[PDB]
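Each value in this text was obtained by applying a stated rule to the coordinates, not by laboratory testing. In this analysis, Cβ positions are derived from the backbone assuming ideal geometry, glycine residues included, and neighbour counts consider all displayed protein chains.
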Amino acid sequence: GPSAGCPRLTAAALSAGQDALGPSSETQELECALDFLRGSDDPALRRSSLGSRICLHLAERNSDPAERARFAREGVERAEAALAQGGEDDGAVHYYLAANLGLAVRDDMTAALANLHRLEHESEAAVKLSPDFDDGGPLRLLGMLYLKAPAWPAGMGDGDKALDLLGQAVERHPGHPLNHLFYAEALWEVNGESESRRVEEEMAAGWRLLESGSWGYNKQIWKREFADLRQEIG
């Protein structure tokens, strides 16, 4: 449960203050809130995406793959709990279920393939219910799945749908670094050398947002993803 040094907390205060917690929060602050809500019977909090989101913040800040996956697996459990308690209409619950599930499996091919249907279902639910959440996060997840899943007809993989969704994320939510990064990856992988200028400009814009914006402890893992695309394009 909450550690002994945590501030006094109530469900009402956590709900009212839920947006004061984020990627810039220190780990101790995030865990005080996460450990509290696991034990809370407050109907709203029990249905909320907050616990799953906190787990994703903790996953993203951990460079070790096993440690990151451990927190991501906790986020999957928190989102599943929220859905069982009545959060099914909340697009953010499905979003953080799919985002955490992705982190938990994407470094392991067997697990990624084994969870592709669940990822697809949850990413689609997020896109249906709250496509704009987290600056278009659900479009990011579903678009990347269209880019990375086994290619049609073997699976849902479809580069045109990837480009449609990730282009829509960039158009509708230009402030997020990963909308530009992921769109750039799709442009390169689906269209190749003919989109090099656009790929590069999208990378550069994402990097500028990454460097200037306030992404807290998400910055290091996103920087690694930017480097990955740089190396992929040569």
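Observations on the structure shown:
- Extended-chain gain in nm, criterion 0.36 nm per residue less alpha-carbon gap, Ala66 and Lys128: 19.2 nm
- Here the gap between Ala44 and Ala12, fully extended at 0.36 nm per residue and compared with their Cα-Cα distance, gives a gain of 10.6 nm.
- Mean Cβ neighbour count within 10 Å, used as a protection proxy, ranking 168-177, 222-231, 97-106 highest first: 97-106, 168-177, 222-231
- Angle between the chain longest axis and helix 196-212 axis [Cα atoms, degrees, rounded to 10]: 30 degrees
- Nearest-ten-degree value, helix 50-60 long axis tilted from longest Cα axis of the chain: 50 degrees
- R0 of 30 Å, Cβ-Cβ distance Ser3-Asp107: FRET efficiency to nearest 0.05: 0.55
- Calculated FRET efficiency for the pair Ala227/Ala151, C-beta based, R₀ 25 Å, to 0.05: 0.45
- Look at where the Cα atoms of the stretch 33-99 and of the stretch 201-224 average out, and the two centres are 24 Å apart.
- Computed [θ] at 222 nm, deg cm²/dmol, the chain (DSSP H ≥ 4; -39,500 (n - 2.57); rounded to nearest 500): -22000 deg cm²/dmol
- Stretchable slack from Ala20 to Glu171, in nm (0.36 nm times residue separation minus alpha-carbon distance): 51.6 nm
- Set of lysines near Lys161 by C-alpha distance (under 20 Å), chain-local residues within fewer than 8 positions excluded: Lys128, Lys148
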